[PDB]
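Listing of data.pdb; format and content: PDB, C-alpha atoms.
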ATOM      1  CA  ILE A2438      88.734 -35.752 -46.553  1.00  0.00           C
ATOM      2  CA  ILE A2439      86.150 -38.520 -46.385  1.00  0.00           C
ATOM      3  CA  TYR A2440      84.665 -37.164 -43.178  1.00  0.00           C
ATOM      4  CA  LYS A2441      84.271 -33.712 -44.695  1.00  0.00           C
ATOM      5  CA  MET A2442      82.917 -34.751 -48.103  1.00  0.00           C
ATOM      6  CA  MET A2443      80.871 -37.648 -46.786  1.00  0.00           C
ATOM      7  CA  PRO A2444      77.600 -35.809 -45.985  1.00  0.00           C
ATOM      8  CA  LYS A2445      77.215 -35.309 -49.724  1.00  0.00           C
ATOM      9  CA  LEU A2446      77.895 -38.719 -51.267  1.00  0.00           C
ATOM     10  CA  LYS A2447      75.266 -40.914 -52.816  1.00  0.00           C
ATOM     11  CA  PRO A2448      74.704 -44.273 -51.108  1.00  0.00           C
ATOM     12  CA  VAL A2449      76.327 -46.176 -53.975  1.00  0.00           C
ATOM     13  CA  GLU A2450      79.353 -43.885 -53.796  1.00  0.00           C
ATOM     14  CA  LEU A2451      79.446 -44.438 -50.057  1.00  0.00           C
ATOM     15  CA  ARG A2452      79.428 -48.221 -50.488  1.00  0.00           C
ATOM     16  CA  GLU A2453      82.240 -47.844 -53.004  1.00  0.00           C
ATOM     17  CA  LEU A2454      84.173 -45.778 -50.484  1.00  0.00           C
ATOM     18  CA  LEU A2455      83.396 -47.595 -47.225  1.00  0.00           C
ATOM     19  CA  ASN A2456      85.362 -50.772 -47.937  1.00  0.00           C
ATOM     20  CA  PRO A2457      88.810 -49.098 -47.708  1.00  0.00           C
ATOM     21  CA  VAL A2458      87.585 -47.337 -44.557  1.00  0.00           C
ATOM     22  CA  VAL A2459      86.473 -50.269 -42.409  1.00  0.00           C
ATOM     23  CA  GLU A2460      89.786 -51.888 -43.367  1.00  0.00           C
ATOM     24  CA  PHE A2461      91.352 -49.686 -40.660  1.00  0.00           C
ATOM     25  CA  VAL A2462      90.283 -51.807 -37.678  1.00  0.00           C
ATOM     26  CA  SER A2463      93.625 -53.625 -37.702  1.00  0.00           C
ATOM     27  CA  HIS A2464      95.488 -50.378 -38.293  1.00  0.00           C
ATOM     28  CA  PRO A2465      97.929 -49.026 -35.702  1.00  0.00           C
ATOM     29  CA  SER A2466      98.100 -45.266 -35.133  1.00  0.00           C
ATOM     30  CA  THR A2467      95.025 -44.805 -32.949  1.00  0.00           C
ATOM     31  CA  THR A2468      94.455 -41.382 -34.502  1.00  0.00           C
ATOM     32  CA  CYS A2469      93.598 -42.979 -37.856  1.00  0.00           C
ATOM     33  CA  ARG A2470      91.346 -45.503 -36.135  1.00  0.00           C
ATOM     34  CA  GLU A2471      89.691 -42.643 -34.251  1.00  0.00           C
ATOM     35  CA  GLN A2472      88.923 -40.816 -37.477  1.00  0.00           C
ATOM     36  CA  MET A2473      87.480 -44.070 -38.803  1.00  0.00           C
ATOM     37  CA  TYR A2474      85.207 -44.410 -35.803  1.00  0.00           C
ATOM     38  CA  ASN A2475      84.147 -40.788 -36.183  1.00  0.00           C
ATOM     39  CA  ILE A2476      82.942 -41.319 -39.728  1.00  0.00           C
ATOM     40  CA  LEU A2477      81.363 -44.654 -38.825  1.00  0.00           C
ATOM     41  CA  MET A2478      79.416 -42.977 -36.034  1.00  0.00           C
ATOM     42  CA  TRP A2479      78.288 -40.314 -38.480  1.00  0.00           C
ATOM     43  CA  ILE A2480      77.032 -42.879 -40.977  1.00  0.00           C
ATOM     44  CA  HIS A2481      75.368 -44.815 -38.177  1.00  0.00           C
ATOM     45  CA  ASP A2482      73.429 -41.798 -36.935  1.00  0.00           C
ATOM     46  CA  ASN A2483      72.432 -41.033 -40.534  1.00  0.00           C
ATOM     47  CA  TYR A2484      71.707 -44.411 -42.151  1.00  0.00           C
ATOM     48  CA  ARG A2485      69.467 -45.906 -39.470  1.00  0.00           C
ATOM     49  CA  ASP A2486      66.750 -45.991 -42.164  1.00  0.00           C
ATOM     50  CA  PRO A2487      64.131 -43.922 -40.310  1.00  0.00           C
ATOM     51  CA  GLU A2488      61.839 -44.535 -43.291  1.00  0.00           C
ATOM     52  CA  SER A2489      60.652 -47.969 -44.412  1.00  0.00           C
ATOM     53  CA  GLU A2490      62.619 -49.204 -47.428  1.00  0.00           C
ATOM     54  CA  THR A2491      66.086 -48.112 -48.508  1.00  0.00           C
ATOM     55  CA  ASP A2492      67.892 -49.306 -51.592  1.00  0.00           C
ATOM     56  CA  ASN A2493      70.286 -52.232 -51.475  1.00  0.00           C
ATOM     57  CA  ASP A2494      73.045 -49.737 -50.603  1.00  0.00           C
ATOM     58  CA  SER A2495      71.720 -47.578 -47.765  1.00  0.00           C
ATOM     59  CA  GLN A2496      70.608 -50.637 -45.810  1.00  0.00           C
ATOM     60  CA  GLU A2497      73.973 -52.297 -46.441  1.00  0.00           C
ATOM     61  CA  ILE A2498      76.367 -49.544 -45.398  1.00  0.00           C
ATOM     62  CA  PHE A2499      74.503 -49.293 -42.111  1.00  0.00           C
ATOM     63  CA  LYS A2500      75.150 -53.011 -41.642  1.00  0.00           C
ATOM     64  CA  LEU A2501      78.834 -52.695 -42.528  1.00  0.00           C
ATOM     65  CA  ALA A2502      79.209 -49.688 -40.232  1.00  0.00           C
ATOM     66  CA  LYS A2503      77.368 -51.212 -37.294  1.00  0.00           C
ATOM     67  CA  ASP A2504      79.573 -54.294 -37.451  1.00  0.00           C
ATOM     68  CA  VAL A2505      82.790 -52.296 -37.122  1.00  0.00           C
ATOM     69  CA  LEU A2506      81.200 -50.038 -34.502  1.00  0.00           C
ATOM     70  CA  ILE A2507      80.429 -53.133 -32.439  1.00  0.00           C
ATOM     71  CA  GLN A2508      83.938 -54.428 -33.076  1.00  0.00           C
ATOM     72  CA  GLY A2509      85.258 -51.171 -31.652  1.00  0.00           C
ATOM     73  CA  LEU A2510      84.095 -52.055 -28.166  1.00  0.00           C
ATOM     74  CA  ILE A2511      87.083 -54.404 -27.840  1.00  0.00           C
ATOM     75  CA  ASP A2512      89.599 -52.081 -29.473  1.00  0.00           C
ATOM     76  CA  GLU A2513      92.967 -52.447 -27.775  1.00  0.00           C
ATOM     77  CA  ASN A2514      93.229 -48.823 -26.691  1.00  0.00           C
ATOM     78  CA  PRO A2515      91.455 -47.262 -23.696  1.00  0.00           C
ATOM     79  CA  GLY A2516      89.861 -43.911 -24.181  1.00  0.00           C
ATOM     80  CA  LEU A2517      89.261 -44.883 -27.787  1.00  0.00           C
ATOM     81  CA  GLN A2518      87.426 -47.963 -26.562  1.00  0.00           C
ATOM     82  CA  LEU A2519      85.904 -45.565 -24.045  1.00  0.00           C
ATOM     83  CA  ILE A2520      84.805 -43.381 -26.961  1.00  0.00           C
ATOM     84  CA  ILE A2521      82.920 -46.195 -28.664  1.00  0.00           C
ATOM     85  CA  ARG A2522      81.556 -47.368 -25.307  1.00  0.00           C
ATOM     86  CA  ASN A2523      80.172 -43.893 -24.583  1.00  0.00           C
ATOM     87  CA  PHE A2524      78.791 -43.632 -28.112  1.00  0.00           C
ATOM     88  CA  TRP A2525      76.925 -46.925 -27.862  1.00  0.00           C
ATOM     89  CA  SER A2526      75.796 -46.249 -24.296  1.00  0.00           C
ATOM     90  CA  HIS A2527      74.427 -42.855 -25.323  1.00  0.00           C
ATOM     91  CA  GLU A2528      70.676 -42.489 -25.586  1.00  0.00           C
ATOM     92  CA  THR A2529      69.005 -42.795 -29.017  1.00  0.00           C
ATOM     93  CA  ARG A2530      71.589 -45.416 -30.039  1.00  0.00           C
ATOM     94  CA  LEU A2531      70.757 -47.835 -27.222  1.00  0.00           C
ATOM     95  CA  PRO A2532      67.432 -47.310 -25.474  1.00  0.00           C
ATOM     96  CA  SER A2533      67.127 -45.765 -22.044  1.00  0.00           C
ATOM     97  CA  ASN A2534      64.339 -48.104 -20.951  1.00  0.00           C
ATOM     98  CA  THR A2535      66.066 -50.911 -19.083  1.00  0.00           C
ATOM     99  CA  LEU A2536      63.952 -53.657 -20.618  1.00  0.00           C
ATOM    100  CA  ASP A2537      64.307 -52.177 -24.094  1.00  0.00           C
ATOM    101  CA  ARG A2538      68.039 -51.777 -23.557  1.00  0.00           C
ATOM    102  CA  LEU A2539      68.064 -55.475 -22.673  1.00  0.00           C
ATOM    103  CA  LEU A2540      66.542 -56.503 -26.002  1.00  0.00           C
ATOM    104  CA  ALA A2541      68.654 -53.998 -27.924  1.00  0.00           C
ATOM    105  CA  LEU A2542      71.791 -55.473 -26.367  1.00  0.00           C
ATOM    106  CA  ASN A2543      71.424 -58.658 -28.410  1.00  0.00           C
ATOM    107  CA  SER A2544      71.279 -56.558 -31.577  1.00  0.00           C
ATOM    108  CA  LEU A2545      74.973 -55.773 -31.059  1.00  0.00           C
ATOM    109  CA  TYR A2546      76.255 -59.339 -30.730  1.00  0.00           C
ATOM    110  CA  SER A2547      78.615 -59.824 -33.742  1.00  0.00           C
ATOM    111  CA  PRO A2548      80.354 -63.134 -32.749  1.00  0.00           C
ATOM    112  CA  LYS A2549      83.779 -61.571 -33.292  1.00  0.00           C
ATOM    113  CA  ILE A2550      83.436 -59.995 -29.828  1.00  0.00           C
ATOM    114  CA  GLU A2551      81.805 -63.010 -28.158  1.00  0.00           C
ATOM    115  CA  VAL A2552      84.582 -63.370 -25.575  1.00  0.00           C
ATOM    116  CA  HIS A2553      83.800 -59.889 -24.277  1.00  0.00           C
ATOM    117  CA  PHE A2554      80.095 -59.682 -25.081  1.00  0.00           C
ATOM    118  CA  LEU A2555      78.703 -60.759 -21.709  1.00  0.00           C
ATOM    119  CA  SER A2556      81.012 -58.393 -19.842  1.00  0.00           C
ATOM    120  CA  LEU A2557      80.068 -55.481 -22.077  1.00  0.00           C
ATOM    121  CA  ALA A2558      76.422 -56.475 -21.825  1.00  0.00           C
ATOM    122  CA  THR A2559      76.391 -56.244 -18.047  1.00  0.00           C
ATOM    123  CA  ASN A2560      78.361 -53.028 -18.382  1.00  0.00           C
ATOM    124  CA  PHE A2561      75.628 -51.475 -20.494  1.00  0.00           C
ATOM    125  CA  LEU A2562      72.982 -52.779 -18.114  1.00  0.00           C
ATOM    126  CA  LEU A2563      74.692 -51.538 -14.959  1.00  0.00           C
ATOM    127  CA  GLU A2564      75.834 -48.141 -16.205  1.00  0.00           C
ATOM    128  CA  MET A2565      72.174 -47.176 -16.063  1.00  0.00           C
ATOM    129  CA  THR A2566      71.986 -47.875 -12.364  1.00  0.00           C
ATOM    130  CA  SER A2567      73.932 -44.623 -12.035  1.00  0.00           C
ATOM    131  CA  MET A2568      70.844 -42.666 -13.012  1.00  0.00           C
ATOM    132  CA  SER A2569      68.482 -43.184 -10.118  1.00  0.00           C
ATOM    133  CA  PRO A2570      67.309 -41.671  -6.824  1.00  0.00           C
ATOM    134  CA  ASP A2571      68.578 -44.787  -5.033  1.00  0.00           C
ATOM    135  CA  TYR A2572      72.093 -43.902  -4.046  1.00  0.00           C
TER     136      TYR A2572
END
Could you rewrite the structure in this file as structure tokens?
Amino acid sequence: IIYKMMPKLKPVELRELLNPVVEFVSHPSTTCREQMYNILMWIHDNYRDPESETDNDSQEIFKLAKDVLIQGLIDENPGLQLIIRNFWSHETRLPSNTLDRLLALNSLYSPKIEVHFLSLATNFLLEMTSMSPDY
């Protein structure tokens, strides 16, 4: 219901509604968690603030969504974790330029995943070796 009605809500409504959503990280039932990540990816690709200044809300839900999206890279379920890994590794959410990807990698730190960060970081840096004439 949220995913369907969500490209109509006002930013304040979406802040009001996001808190019970992101509460699903600990949830079992990977299907529920997958729906969560779907709506979080939607509100990440829509609240990047392409313009200059958003209200206190629109800038804040992007923060709260990006944090859980980062936290999904260590989700204890493959495929799902693969889904978030592919989403982050996709172009326009993490730059294709290798140097720019390097700087953008730090943007997705979020200490809660520190133990895995370095691994993931090299992952993101070395998955773009498999786009090259040199094989």
Taking (89.0, -42.6, -42.0) in the file's own coordinates, collect the residues within 8 Å, counting all atoms listed in the file, and hand them back as a ChimeraX atom specification.
/A:2439-2440,2458,2461,2469-2476
What is the distance between CA of residue 2485 in chain A and CA of residue 2516 in chain A, in Å to one decimal?
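These two atoms are separated by 25.6 Å.
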Ranking A:2510, A:2449, A:2505, A:2462 by minimum distance to residue 2553 in chain A and counting only C-alpha atoms, which one comes first?
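Checking each of A:2510, A:2449, A:2505, A:2462 against residue 2553 in chain A, counting only C-alpha atoms, the winner is A:2510.
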The residue from A:2529, A:2447, A:2454, A:2512 with the smallest atom-to-atom distance to residue 2492 in chain A, counting all atoms listed in the file, is A:2447
Residue 2524 in chain A proximity check over A:2548, A:2487, A:2465, A:2509, using all atoms listed in the file: winner is A:2509
Of the candidates A:2480, A:2562, A:2455, A:2443, which one gets nearest to residue 2543 in chain A if we count all atoms listed in the file?
A:2562
Give me the residues within 12 Å of residue 2559 in chain A as a PyMOL selection string, counting all atoms listed in the file and dropping any in the same chain fewer than 3 places off.
chain A and resi 2526+2535+2538-2539+2542-2543+2553-2556+2562-2566
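Remark: for residue 2541 in chain A, the closest of the candidate residues A:2450, A:2528, A:2488, A:2513 is A:2528 (distances computed over only C-alpha atoms).
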Can you work out the spacing between CA of residue 2507 in chain A and CA of residue 2550 in chain A in Å, to one decimal?
7.9 Å
Fill-in result for range 2505-2534 of chain A, N, CA and C atoms as an mmCIF file, keeping the file's coordinate frame:
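What ended up in out.cif:
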data_model
loop_
_atom_site.group_PDB
_atom_site.id
_atom_site.type_symbol
_atom_site.label_atom_id
_atom_site.label_comp_id
_atom_site.auth_asym_id
_atom_site.auth_seq_id
_atom_site.Cartn_x
_atom_site.Cartn_y
_atom_site.Cartn_z
ATOM 1 N N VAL A 2505 81.528 -52.836 -37.606
ATOM 2 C CA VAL A 2505 82.790 -52.296 -37.122
ATOM 3 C C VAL A 2505 82.593 -51.474 -35.856
ATOM 4 N N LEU A 2506 81.471 -50.770 -35.731
ATOM 5 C CA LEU A 2506 81.200 -50.038 -34.502
ATOM 6 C C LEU A 2506 81.114 -50.978 -33.312
ATOM 7 N N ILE A 2507 80.461 -52.124 -33.490
ATOM 8 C CA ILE A 2507 80.429 -53.133 -32.439
ATOM 9 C C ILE A 2507 81.833 -53.633 -32.159
ATOM 10 N N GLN A 2508 82.577 -53.939 -33.218
ATOM 11 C CA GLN A 2508 83.938 -54.428 -33.076
ATOM 12 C C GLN A 2508 84.855 -53.419 -32.410
ATOM 13 N N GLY A 2509 84.454 -52.159 -32.336
ATOM 14 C CA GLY A 2509 85.258 -51.171 -31.652
ATOM 15 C C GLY A 2509 85.155 -51.188 -30.156
ATOM 16 N N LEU A 2510 84.223 -51.963 -29.611
ATOM 17 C CA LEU A 2510 84.095 -52.055 -28.166
ATOM 18 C C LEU A 2510 85.216 -52.865 -27.542
ATOM 19 N N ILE A 2511 85.990 -53.586 -28.347
ATOM 20 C CA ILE A 2511 87.083 -54.404 -27.840
ATOM 21 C C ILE A 2511 88.398 -53.893 -28.406
ATOM 22 N N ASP A 2512 88.394 -52.661 -28.902
ATOM 23 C CA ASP A 2512 89.599 -52.081 -29.473
ATOM 24 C C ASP A 2512 90.679 -51.962 -28.407
ATOM 25 N N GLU A 2513 91.898 -52.359 -28.759
ATOM 26 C CA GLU A 2513 92.967 -52.447 -27.775
ATOM 27 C C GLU A 2513 93.570 -51.081 -27.490
ATOM 28 N N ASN A 2514 92.736 -50.122 -27.118
ATOM 29 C CA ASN A 2514 93.229 -48.823 -26.691
ATOM 30 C C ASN A 2514 92.172 -48.145 -25.832
ATOM 31 N N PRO A 2515 92.435 -47.940 -24.547
ATOM 32 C CA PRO A 2515 91.455 -47.262 -23.696
ATOM 33 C C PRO A 2515 91.234 -45.836 -24.161
ATOM 34 N N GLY A 2516 90.183 -45.227 -23.648
ATOM 35 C CA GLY A 2516 89.861 -43.911 -24.181
ATOM 36 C C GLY A 2516 89.200 -44.016 -25.528
ATOM 37 N N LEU A 2517 89.906 -44.559 -26.521
ATOM 38 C CA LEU A 2517 89.261 -44.883 -27.787
ATOM 39 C C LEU A 2517 88.139 -45.886 -27.571
ATOM 40 N N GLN A 2518 88.464 -47.024 -26.956
ATOM 41 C CA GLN A 2518 87.426 -47.963 -26.562
ATOM 42 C C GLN A 2518 86.400 -47.286 -25.671
ATOM 43 N N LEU A 2519 86.845 -46.367 -24.814
ATOM 44 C CA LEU A 2519 85.904 -45.565 -24.045
ATOM 45 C C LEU A 2519 85.037 -44.711 -24.955
ATOM 46 N N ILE A 2520 85.600 -44.202 -26.052
ATOM 47 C CA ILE A 2520 84.805 -43.381 -26.961
ATOM 48 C C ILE A 2520 83.672 -44.199 -27.562
ATOM 49 N N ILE A 2521 83.992 -45.384 -28.088
ATOM 50 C CA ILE A 2521 82.920 -46.195 -28.664
ATOM 51 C C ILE A 2521 81.953 -46.668 -27.588
ATOM 52 N N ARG A 2522 82.447 -46.972 -26.390
ATOM 53 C CA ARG A 2522 81.556 -47.368 -25.307
ATOM 54 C C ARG A 2522 80.575 -46.256 -24.954
ATOM 55 N N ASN A 2523 81.058 -45.019 -24.847
ATOM 56 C CA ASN A 2523 80.172 -43.893 -24.583
ATOM 57 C C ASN A 2523 79.195 -43.677 -25.722
ATOM 58 N N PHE A 2524 79.666 -43.813 -26.962
ATOM 59 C CA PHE A 2524 78.791 -43.632 -28.112
ATOM 60 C C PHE A 2524 77.646 -44.629 -28.087
ATOM 61 N N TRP A 2525 77.966 -45.909 -27.913
ATOM 62 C CA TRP A 2525 76.925 -46.925 -27.862
ATOM 63 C C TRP A 2525 76.015 -46.718 -26.666
ATOM 64 N N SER A 2526 76.591 -46.414 -25.504
ATOM 65 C CA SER A 2526 75.796 -46.249 -24.296
ATOM 66 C C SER A 2526 74.953 -44.988 -24.313
ATOM 67 N N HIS A 2527 75.209 -44.075 -25.240
ATOM 68 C CA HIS A 2527 74.427 -42.855 -25.323
ATOM 69 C C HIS A 2527 72.984 -43.178 -25.679
ATOM 70 N N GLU A 2528 72.072 -42.331 -25.216
ATOM 71 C CA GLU A 2528 70.676 -42.489 -25.586
ATOM 72 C C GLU A 2528 70.515 -42.290 -27.086
ATOM 73 N N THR A 2529 69.423 -42.826 -27.622
ATOM 74 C CA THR A 2529 69.005 -42.795 -29.017
ATOM 75 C C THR A 2529 69.846 -43.722 -29.886
ATOM 76 N N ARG A 2530 70.918 -44.315 -29.365
ATOM 77 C CA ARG A 2530 71.589 -45.416 -30.039
ATOM 78 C C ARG A 2530 71.451 -46.721 -29.277
ATOM 79 N N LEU A 2531 71.008 -46.658 -28.033
ATOM 80 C CA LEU A 2531 70.757 -47.835 -27.222
ATOM 81 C C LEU A 2531 69.771 -47.421 -26.138
ATOM 82 N N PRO A 2532 68.554 -47.962 -26.156
ATOM 83 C CA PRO A 2532 67.432 -47.310 -25.474
ATOM 84 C C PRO A 2532 67.660 -47.119 -23.986
ATOM 85 N N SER A 2533 67.046 -46.063 -23.462
ATOM 86 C CA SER A 2533 67.127 -45.765 -22.044
ATOM 87 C C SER A 2533 66.294 -46.708 -21.195
ATOM 88 N N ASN A 2534 65.140 -47.142 -21.691
ATOM 89 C CA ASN A 2534 64.339 -48.104 -20.951
ATOM 90 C C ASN A 2534 65.146 -49.369 -20.713
#
